[PDB]
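Student: The structure that follows is given in the form of structure tokens.
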Amino acid sequence: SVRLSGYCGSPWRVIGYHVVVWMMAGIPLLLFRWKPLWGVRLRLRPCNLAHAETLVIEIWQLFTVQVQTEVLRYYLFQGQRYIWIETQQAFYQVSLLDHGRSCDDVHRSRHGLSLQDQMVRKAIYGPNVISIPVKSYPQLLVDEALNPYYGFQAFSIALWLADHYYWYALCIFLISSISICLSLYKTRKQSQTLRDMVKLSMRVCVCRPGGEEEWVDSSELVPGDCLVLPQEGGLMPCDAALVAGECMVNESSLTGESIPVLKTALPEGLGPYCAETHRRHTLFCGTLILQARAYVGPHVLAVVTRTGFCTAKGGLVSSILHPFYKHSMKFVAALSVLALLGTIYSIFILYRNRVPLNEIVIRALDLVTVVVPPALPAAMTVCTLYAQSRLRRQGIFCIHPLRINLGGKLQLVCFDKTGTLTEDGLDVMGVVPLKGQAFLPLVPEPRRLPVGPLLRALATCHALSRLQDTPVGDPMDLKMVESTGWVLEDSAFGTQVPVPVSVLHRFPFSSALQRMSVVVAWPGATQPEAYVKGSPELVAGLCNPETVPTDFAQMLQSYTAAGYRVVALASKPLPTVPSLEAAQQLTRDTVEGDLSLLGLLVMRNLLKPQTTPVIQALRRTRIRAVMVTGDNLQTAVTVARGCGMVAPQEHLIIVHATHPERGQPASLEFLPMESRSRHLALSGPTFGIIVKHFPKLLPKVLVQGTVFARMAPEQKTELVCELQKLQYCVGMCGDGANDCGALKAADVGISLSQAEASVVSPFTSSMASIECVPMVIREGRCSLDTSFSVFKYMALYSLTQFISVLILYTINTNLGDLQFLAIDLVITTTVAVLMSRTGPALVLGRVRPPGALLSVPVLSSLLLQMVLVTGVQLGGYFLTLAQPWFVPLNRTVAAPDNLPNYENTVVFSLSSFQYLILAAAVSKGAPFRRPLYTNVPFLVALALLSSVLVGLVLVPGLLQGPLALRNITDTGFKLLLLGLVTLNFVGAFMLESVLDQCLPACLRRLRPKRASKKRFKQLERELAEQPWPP
Ligand SMILES: CC(C)CCC[C@@H](C)[C@H]1CC[C@H]2[C@@H]3CC=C4C[C@@H](OC(=O)CCC(=O)O)CC[C@]4(C)[C@H]3CC[C@]12C
Ligand SMILES: CC(C)CCC[C@@H](C)[C@H]1CC[C@H]2[C@@H]3CC=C4C[C@@H](OC(=O)CCC(=O)O)CC[C@]4(C)[C@H]3CC[C@]12C
Ligand SMILES: CC(C)CCC[C@@H](C)[C@H]1CC[C@H]2[C@@H]3CC=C4C[C@@H](OC(=O)CCC(=O)O)CC[C@]4(C)[C@H]3CC[C@]12C
Ligand SMILES: [Mg+2]
């Protein structure tokens, strides 16, 4: 449901709004960016819908869209136009103007469109372009840079500049600025590549009333224009409905299948024209017309029906354009409320110490930047940068590195078929010759077969020309002659190495009679021989019955039910003398008469060699593999059973749904197929009917379904979204233009193609196999584990520095500029860059990393680590007090004036080691990363930083001038501090190990989580309790 709000404008109100939002402060514009309803309520007054210059579109969800006039008032909401009909006073989508008109209307539209009516319809429907708006750099900056965390980083930088902390301020500013500029460049480049992708400019021929034909640009098309399709064929600019002639279309855009499709003229009648009902008379936008024949009339005619975003390609692009981290933000919000508490406490104690109010507020605001680290997102992006580099080395190109963390949460991967799991093109399984009238065993490689009539039939009965020093034409005959091993020289042929034979005459292949025939002769022969190739079934009806076996039909169905593409061949001895002086005057009706079936050649879409190992690895690690294809259900089911998606022992149950006509409801029919546990194999129409009429039974279909065939691109997108609504993390591997909406909607969409799909997909694989799915899943599990470790380290670092600065505020001192800089830059940047370094484990496991940063393991680790940290720091500070040589810190003046002092020296000496200890403690190895001892840069960095800090503590006068450290002469106390921090080094590792090993078992033993909150897990449980299809 949609609600519209009519808001006209008032100039005095406009200037008032501008001044009150600009001169007062920048906060109002920001909060209105958060909620535009208040902004549009204050800025513009409510008016009637007949005078509105602004709309508030609610879906609630707030969008605002300005009503534009050309008169005809319209607005564009998510690409789809809505015009203003003055008569009935409403905004009607343009798709619904001519919706529901009869086939006789489309046929009447065959004469053309008057140029004035073309102007009216170009005003209404707009130009026939799929326009992507490429925003300018300020337009992207106001969208991105105003991120709440970039605002917090700007506040932190301003405060640090106000606090003489210029160096870390500069580092954070440079990091955030370069990250922002890189993201703006990436976003603009993606928008530009998409706009270059969907762009289609070409000259088309349109009929005009009175018999005139004019060539207009493809953008000047409007629903009603009568396209005149070229005979040689070309790309399709707009959804048209054939009103004359026939076409052969390459619909690999819609179906992902390069197989030619026959489109016939729309049948005249008084029935509503429908893209779904009349799909065989509709030419879709983006699909390539191979050839168009005009039997009656001078040229083939098509009547435009949808243009722009109304087309199928337009709908897919509109879906593309207009579709842990949450726990991370929740934890930084908890850190923020802890910041508020610590800040009010700091105000209290700093006022107790007679600190001036300016420095009081400076310190109290600086504690906020202390405990809420402004360098957390960069620290957590370093690991994804490492993973992106490793993927680029392996051939997989990720455009947004933070999308790699989603590869580690995957519970389900949806797979294309043609081009992703199976080879792009057909390959010949073999040929089955005939000896008399009984079939012979399948000959897998036709070349070994002796030199007889059927072999020359395979090698010569085809229409392909020699150009670019390569045979070119229809792929099936190409691959068949490639298998026979013969090299071609009407036209002459040479054997592999067995006499050269030349074809004398050839007849064209027409899809009406659905076969082609040639006549051939060679020297030393008796008389010219004819060859016939085409459909398997009908040519058997042409040959004599005593030549075709009686078991022809059942064998043909056994081949076809497996997804094969069978073609039959026959020959003829011609009593005419061997010379083309009489051979090319022959009528082919004589050829297809009295035929004798030689044999059937079978071609099947081979599976890639790298498909079955990857599918069995995914199914071994408890990752669901789904096949969402655009091919028929028989081929999809055969490939699924053959690529390991359906193991030989598992049950496949076809789901069939009949759309309810008048007088009956909708039905589901389950028929099993003989050779989790049950897989459901349902078509595209069945999926649509289950979505619409059976929304109760859709979750069980999505949980059990494995094979989704005949799926339209919008249906693949809908399936990915419906699976994600079951709280799946859906990955999608495809290589076609039909896979684009799914690769965009999927959590991890991987594209094997370099055209039309690398744009929308986050990942693009340079290889053609699905070997890139386990690679991305391993890198994603590694990046997720590493981002967990880096977040735990940054949390423990911020909390340790919070405690160290509270202990020093309480006694009227502080860490100081250079100790702060050491801790913030030298230790923390080194640690957070070299933690994120170690790569993924070499093998996939059945258990995936946790996806919640608020887990009881994570929070328990942070709590106990910080208890140990504050214990060690307070122990060191209080043993400092019990010493005889200890003297107070001259509280009358505040830091950095009273530095150096023993309190600061001891707190810094302990805290500096604690940062390295926590760094090493939170880092993990198996099962998702390589063991930590392989991270030799990290271990060497920890050793070197620990050596520097031990030199600070022990070696006198070493870096105690710059860092402002008091020199402790008592060697016993220095050794006691070192023993205390070694106690901490042992305790941190023992705590981490004990937690990781015991807390899962203890949590299982104390509070058994008998119910999973994931929706698909509840569905799986209730299905195991009671199977849905009996
Ligand atoms: C405030 C300032 C001082 C911080 C500066 C930090 C940078 C020096 C860090 C942040 C991102 C890091 C980069 C993150 C990603 C990588 C990829 C890495 O290469 C690989 O991973 C290839 C491995 C394979 O393919 O097998 C080389 C290091 C590098 C560039 C890192 C180099 C050091 C960088 C530039
Ligand atoms: C005077 C003090 C306060 C500052 C001294 C200069 C710092 C800016 C230096 C000292 C330690 C340097 C760090 C030493 C260690 C590393 C790891 C290095 O990463 C790699 O080695 C990439 C190779 C891989 O990961 O395989 C990137 C630079 C970095 C963060 C350096 C960043 C710049 C640092 C922080
Ligand atoms: C005076 C200075 C030189 C003090 C040096 C202190 C060392 C004793 C510390 C620094 C970091 C510590 C290392 C930090 C972490 C690791 C990884 C750890 O590996 C595992 O536990 C297995 C898990 C996996 O598979 O990764 C082995 C110990 C080790 C090398 C520690 C051994 C002792 C080290 C080298
Ligand atoms: Mg495909």
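Just so you know, the numbers here start at 1 and follow the chain as drawn.
According to its header, this structure was worked out by electron microscopy, 3.0 Å.
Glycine is treated like the rest: Cβ placed from N, Cα and C.
Below are the features I grabbed from Swiss-Prot:
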- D416: active site, 4-aspartylphosphate intermediate (ACT_SITE)
- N890: N-linked glycosylation site (CARBOHYD)
- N967: N-linked glycosylation site (CARBOHYD)
- 12-32: intramembrane segment (INTRAMEM)
- 145-162: transmembrane segment (TRANSMEM)
- 166-185: transmembrane segment (TRANSMEM)
- 331-351: transmembrane segment (TRANSMEM)
- 367-387: transmembrane segment (TRANSMEM)
- 788-808: transmembrane segment (TRANSMEM)
- 815-835: transmembrane segment (TRANSMEM)
- 852-872: transmembrane segment (TRANSMEM)
- 906-926: transmembrane segment (TRANSMEM)
- 938-958: transmembrane segment (TRANSMEM)
- 975-995: transmembrane segment (TRANSMEM)
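Let's see these features in context: how buried, what's close, how far.
Tutor: Classification of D416 (active site, 4-aspartylphosphate intermediate) by DSSP places it in coil, neither helical nor stranded. Taking all protein chains in view, 30 other C-beta atoms sit within 10 angstroms of the C-beta of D416 (active site, 4-aspartylphosphate intermediate).
For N890 (N-linked glycosylation site), other Cβ atoms within 10 Å of its Cβ number 12. Under DSSP, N890 (N-linked glycosylation site) is assigned to coil, being neither helix nor strand in the three-state scheme.
Neighbour density for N967 (N-linked glycosylation site): within 10 A of its CB lie 11 other CB atoms from the protein chains shown.
If one looks beyond the transmembrane segment (145-162) by at least 6 residues along the same chain, the residues whose Cβ comes under 8 Å of a Cβ in the stretch are 30, 33, 168-169, 172-173, 176, 180, 362, 365-366, 369, 372, 374, 377.
For the transmembrane segment (331-351), the residues of the chain that approach it from at least six positions outside its boundaries are 359-361, 363-365, 367-368, 371-372, 376, 791, 795, 798, 802, 806, 809-810, 812, 853-854, judged by C-beta separation under 8 angstroms.
Within the same chain, residues 164-165, 167-168, 171, 375, 379, 382-383, 786, 789-790, 793-794, 797, 801, 804-805, 808, 895-896, 899, 904, 907-908, 911-912, 915-916, 919, 922-923, 935, 937-938, 941-942, 945, 962-965 sit at least 6 positions outside the transmembrane segment (815-835) and bring their C-beta atoms closer than 8 Å to a C-beta of that stretch.
With a threshold of 8 Å between CB atoms, the same-chain residues lying at least 6 positions outside the transmembrane segment (906-926) that come near it are 785, 789, 792-793, 796-797, 800-801, 804, 807-808, 815, 819, 822-823, 827-828, 831, 835, 838, 841, 861, 865, 869, 872-873, 876-877, 880, 932-935, 938, 942, 945-946, 949, 952-953, 963, 965, 977, 980-981, 984-985, 988-989, 991-992, 996.
Sequence-distant contacts of the transmembrane segment (938-958) (same chain, six or more residues past either end, CB-CB distance under 8 Å): 826-827, 830-831, 834-835, 837-838, 909, 912-913, 916, 919-920, 923, 932, 965, 967, 969, 974, 977-978.
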Student: Spanning 6 missing residues, the endpoints are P323 and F324. What is the Cα distance in Å?
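Tutor: Across the gap, the Cα atoms of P323 and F324 sit 21 Å apart.
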Student: Would you mind working out the Cα-to-Cα span from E489 to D490? 5 residues missing in between, answer in Å, no decimals.
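Tutor: Each end of the gap has a Cα atom, and these are 11 Å apart.
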Student: If I take the C-alpha of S675 and the C-alpha of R676, which enclose 22 unmodelled residues, how far apart are they in Å?
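Tutor: Each end of the gap has a Cα atom, and these are 16 Å apart.
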Student: Checking proximity to ligand 4 here: which recorded positions out of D416, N890, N967 have their Cβ closer than 6 Å to it?
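Tutor: With ligand 4 as the reference and 6 Å as the Cβ limit, the list reads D416.
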